[PDB]
Structure formats: C-alpha cells, structure tokens
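Listed next as structure tokens is one chain, alone, in the form deposited in one PDB entry.
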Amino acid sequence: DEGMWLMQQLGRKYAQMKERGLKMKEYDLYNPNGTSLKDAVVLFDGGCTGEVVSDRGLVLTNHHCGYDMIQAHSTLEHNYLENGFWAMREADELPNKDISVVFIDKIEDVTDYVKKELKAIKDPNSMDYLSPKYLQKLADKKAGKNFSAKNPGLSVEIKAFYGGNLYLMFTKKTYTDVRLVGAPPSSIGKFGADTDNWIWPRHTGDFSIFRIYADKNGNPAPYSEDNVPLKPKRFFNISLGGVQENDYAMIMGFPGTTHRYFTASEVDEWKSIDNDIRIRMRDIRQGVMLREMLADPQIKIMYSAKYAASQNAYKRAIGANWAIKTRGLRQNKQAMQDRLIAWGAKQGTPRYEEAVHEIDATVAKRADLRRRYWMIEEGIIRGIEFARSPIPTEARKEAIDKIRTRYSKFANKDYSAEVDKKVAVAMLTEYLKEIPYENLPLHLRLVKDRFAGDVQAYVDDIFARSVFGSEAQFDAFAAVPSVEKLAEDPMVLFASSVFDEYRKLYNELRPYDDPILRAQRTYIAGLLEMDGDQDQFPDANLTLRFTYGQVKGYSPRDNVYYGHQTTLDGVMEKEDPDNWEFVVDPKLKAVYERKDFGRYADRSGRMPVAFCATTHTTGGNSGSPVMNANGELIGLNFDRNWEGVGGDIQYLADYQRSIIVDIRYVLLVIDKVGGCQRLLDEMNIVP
C-alpha cells in the first residue's frame, strides 16, 4: 500500500494496516518512550538499512551493502568475495575501518520550536528553513551543550519534512565497531546481478551478516579487543512460518528521495528532458559498447562493468517513462493540483494557485538551460571517457610525474582509445545535432569551423596530436616536455572546454531550485490543510519510515502473471557455468540434488528463494527488515521491479513491488553452504 510513513503517523495508519492483516499492538511496533521493534532497525554504513537479529548484536543486511567490507578483507589466497566468509567463533569476526551502524534512539516533533526560531530571520525568501547548518545549530541548542558528554554515543539532528511544514528531531546512537561475521559466495549474493537488475522474478541470495561490538555496558566504543558483543534492547525473532499469497508484510528502513508532490509541469519536464535525454544518449553509448564487446573478447572484459553501470540508471529511466506513458502519472498530478486550486477558491485563498503557477513558470523558464545541461552531462561528461582526461596545473619534473599519475588512471587497463573514439564519434554526432553552434562548448565549434562538419576527423585529430592520445605519445611528451604543446593540446582543450560549459550551465540553473522549493512549502501546506496527512505521505529524506502491504505478485502484460514467490528450482533453470552471474555454487547444487532443505522448504518440498510485496520502497531500503503480521522477520528487502520505479512519483498498486530475499533461504545458505551453526543457535527462530 502507498506511502513511506513517519513513525509519528503510526496511529493515523493503524486501522488501514489492521485491515491488511497487522496483528501487533501499535505500542510494540513503535513508541516514543519505551522499547519497540523500531529499536531493532539500523542505518547501516550511512545509506543501507540493516536489522538486529540476535540478543548478542548480530546484524543482517544485503550482500551488496556488505560488499566493500567483504572485498577489503579478501586477498587472492583468502578470496572471501568469491568463496563466502564464515567466522566459526566470535574471535574470528573481522573488524572494519570507517564503518558505522546507527540506531534511532528517539524521535520528537520540534515543528513549533523551529517555526518560532525562524521568525528571527527577516528575509521571507531565506532558505535557512532547509539548511543543514542552520538546522544543526537549532538541534545543538535544543539538546544543551554537554549533551554529548552526558550521553555516550548519542547525537542529535533536525530534519525538514513536507517541504518545510514539519520538523523532527532525531537522537541517534552510533556504533563504530561492527565486525564481519558471514557472507555467501558472490555467485549466490550476486546471482543474476546485472542481467536481472530491477527484474522480478528474482533469484539472488543478497545477504551478509555483521555483529555490533560495544563496551561491557553496551555503549558505543571504537574498535578494541576488549570490546564485547552488544546486548541490544530489541532484536527480531526469525519466523520459520514462511509466506503465502496475500500475507501481510511491512518494512522499516531509510528511503532517500521521492517526488510525490511534483506538479504536472514537473512530470512533463522529467519525461521530456531528464529521462528522454538519458535514454537517448545512453542507448547510443551502450549500442557502441555492445557492438565492440561482441566483436572482441578482450573489450568485453574491459568494458562489461562500465556497460552494466550505464545500464543501471538507463533501465530506471526506461521504466519511469513507461509509467508516465501507460499509468497516468501526469494526470494524477494534474488532478492533485486542480483539486487544491478549486478548494483554494472556496476558501478565498489564491496562494495555492499562485504557488503552482510559480512552479510552472520556473520550469518553463529553465527548459532550454536544463536541456543543455542534461545533453552535456549524458552526452559528454558521462558519455565520453576522454572528457575526463588530465587537465594541467602546476627546474623539475615533479608535475610531469603528477600528470603521469592522472594519465595512467585515465588510460588504465580497462580503457581502449579505439572504443572511446567510436563512442565519442556517435555521442558527439547526436550532441551536435541537438545543441546549436552558438551554445556549443567552444572547442566543439571546430567541427564545423575546421573539420567541415566531419566529427570522425575531429576526434581522430584529438587522438593523433594529444599527449594523452597514447602511452607512446605520453612518453614522448615526458621525456621532452613543451609548455606550449601542452597549452594547445586538443584533448586538454576539449576537456577544459566541455567542463567549462557544464559548470556555467550548473551555475545558471541552481538559482531556479529555490523559488520551486519555496512554492512547494506553500503547495504542500495547502494539500495538508485540505485533505490531511492520512493519505499524503511526506517525501522521503533519508529518515526512518515504515511501509505496509501484502505478499503478492502481478501481471506485467496481457496474459502473463508473475507469482509472489521464487524457488531454488528457478536458480537451477538459470544456471550457466560460463557466465559469472549465473554460476551455481557447488554446495548449493548438491543441496538441490539431495533435497537437503532441512526445515526451510515448504510442505511440498519446494525451497523458497525470494518473494515480492506491495510495500512502497525506494533507494535506501536495501537491507530493510520485512516483518509478518506479528513482527517476526520473514525476509530482507534487496530491490524493486522496473515497472514500479515510477512509484517515486506515484505508487502503482498493480505493478510496483519490493523484491525480498526469503529469510528461509538465508537460513538455508547459513546452514548448508556456510556450515555456520552457531549463528542459527544464537537467533530466536520461531514457528
């Protein structure tokens, strides 16, 4: 069901959640002065979510969340990334540098305090009401000086909500000794990772396991061997009961951003500039890279990761545009604003209509600038590798060595000048079609002026004459440098020129953000006064939220249905030993052959892998705990389907799903692949 809800909003949603199957008492989910299930949810390393699952501080998160830590502890000799890692006793758990887990100890509405303090600011158009600096000053003031000394490991922050109409103060408890406990092999943690990115059905065992360490009274402490596991105030019980179609499910985590209060003019802008340009430009770049990778197996090895990276936001854009085209996104936002405008007229209050028209005006006014910026960003800054070639400055020589370092990083083991030329020719062709001469970065005027419109000639010239055009040409330069040659170097001139245009566009565009922000404060205030907050969630902003719904599949298209649950049978169907992403771990294969599923499979002997649910999630919900009607953990959220990515603007009940690793599968992999029984023994596994 729709919405990423504040914890303060639980009372307002509780009836709707019970109608969907919630059985918990409200107080047990969240409450302000006691212990609640909220106390088992953590912000894992500043972006991802995780969850406490034992009375000795075991934390579950996604493999993709744990990846960097697993990587860091890997050596080609103990390659934990590839083989999995299973500590067989607490003493074998691996400390990590610059990691943290954050608990949300307390939440308090401070809207009256902040609004009163804002009256001091004379200028009605000051943006201090959204300023992190300003808000931190208010938080610090409110908590007292010495707060910190009287509160081991606690800090405070104030955040804006509802466009500046509501403020909460959070009290955070931060732990920095968080040790790696367990991880599956990558073939399990990243199964289908690229090819199945954004896809349901999904077959990835995307998990990893950490443990919070602390002082002997459970306070935060920097890493020390005298530290001991945290004995947390609350942890999740783990359900063995599984899921069935239509079961209630809920998620708590830290979603980053949403745009629920877009005007119709902002939807049209997101379609026709940001998405349309990203889709066009990336389809060009990718098409060239594909052709090259298919022609040459060394190019495949060099460019596969850059290709997959480009594909990630491309696939998102595709999905968003599908939603705008087929699911009525614009009309939804149009109806929202027409309702408020007609109401405002009844109240004799034209300020809401003025706000919408101000947003409309600003969006109209920036259109050509924003189009220029997205063209350069997608076409060149991200599009063309040689845009990010070295730009100098700067008797010696030390500077040559400094340039050499940047050059080697540019033209590294994954870079092909020949691939980059082909990509640049195609990208610059489209770029020059769309951007008129008068608005080109200056160096690109040379295509018309010096090369007679021949982009291939132009790009061939940059590489022929640049000191960065090849290692040979770099070495000839240093060796025998020239100040001179460098000042005129066509690659340096290209790179300088495009980054100059990028910067100027950025700087001209930035001022347009503020009138929109100011107008949205008024717009959202309107919407709330008129209809209330019960069916109007605040946009995500990296803070703790809950969402609820049901375990359920969907129909992507006529006569096709995806169910709610994948199985280990589906892993085996996808097996491909010659594709790294569809390798099946030999222990798991052996498990499937023997049906050695223990107590983790369903009564018909099918072993679950993942499931999907109608919860409303976005980026920042990776790793989030998925709870059943009684608050027990039934899975770990890891993705969302491409059909649903338009959900950041308008929730799509019939298409949008969260993609979730089944906790039964997590347990299976712990048990049968890891052989880490002690982790099972320390959890409270319930029927």
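For clarity, a rigid core is taken as the largest C-alpha set superposing within 1.5 Å between two forms. Position 1 is the first residue in the sequence shown; the rest follow in order.
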In a third or more of the other entries compared, is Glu117 missing its coordinates?
no
Please confirm whether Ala387, modelled here, goes without coordinates in at least one third of the other compared entries that cover both its neighbours.
no
According to the entry, are there none, 1 to 3, 4 to 9, or 10 or more residues of the deposited sequence without coordinates between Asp578 and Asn579?
none
What stretch has the higher average Cα B-factor here, 451-459 or 543-551?
451-459
Mean Cα B factor from the PDB record: higher for 658-666, or higher for 44-52?
44-52
Among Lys422, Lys397, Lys315, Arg330, where is the Cα B factor highest in this entry?
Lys397
According to the deposited entry, which of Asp274, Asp196, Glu266, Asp215 has the largest Cα B-factor?
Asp215
Select lowest, middle or highest to describe the third in which the CA B-factor of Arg406 falls within its chain in this entry.
highest
Test of reading the entry: by CA B factor among the chain's modelled residues, which third contains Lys150?
highest
Comparing against every modelled residue in the chain, figure out the third that the C-alpha B-factor of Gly619 lands in (lowest, middle or highest).
lowest
Relative to the other modelled residues in the chain, which third contains the C-alpha temperature factor of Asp283: lowest, middle or highest?
middle
Third of the chain, ranked by Cα B-factor, where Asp140 sits
highest
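From this point on, the text means the form deposited in another entry, which you will not see here.
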With the two forms fitted on the rigid core, I'd like to know which residue in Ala305, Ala479, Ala120, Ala364 is displaced by 2 angstroms or more at its CA between this form and the one not shown.
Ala479
How about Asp401 - superposed on the rigid core, does its CA move between this form and the one not shown by 2 Å or more?
yes
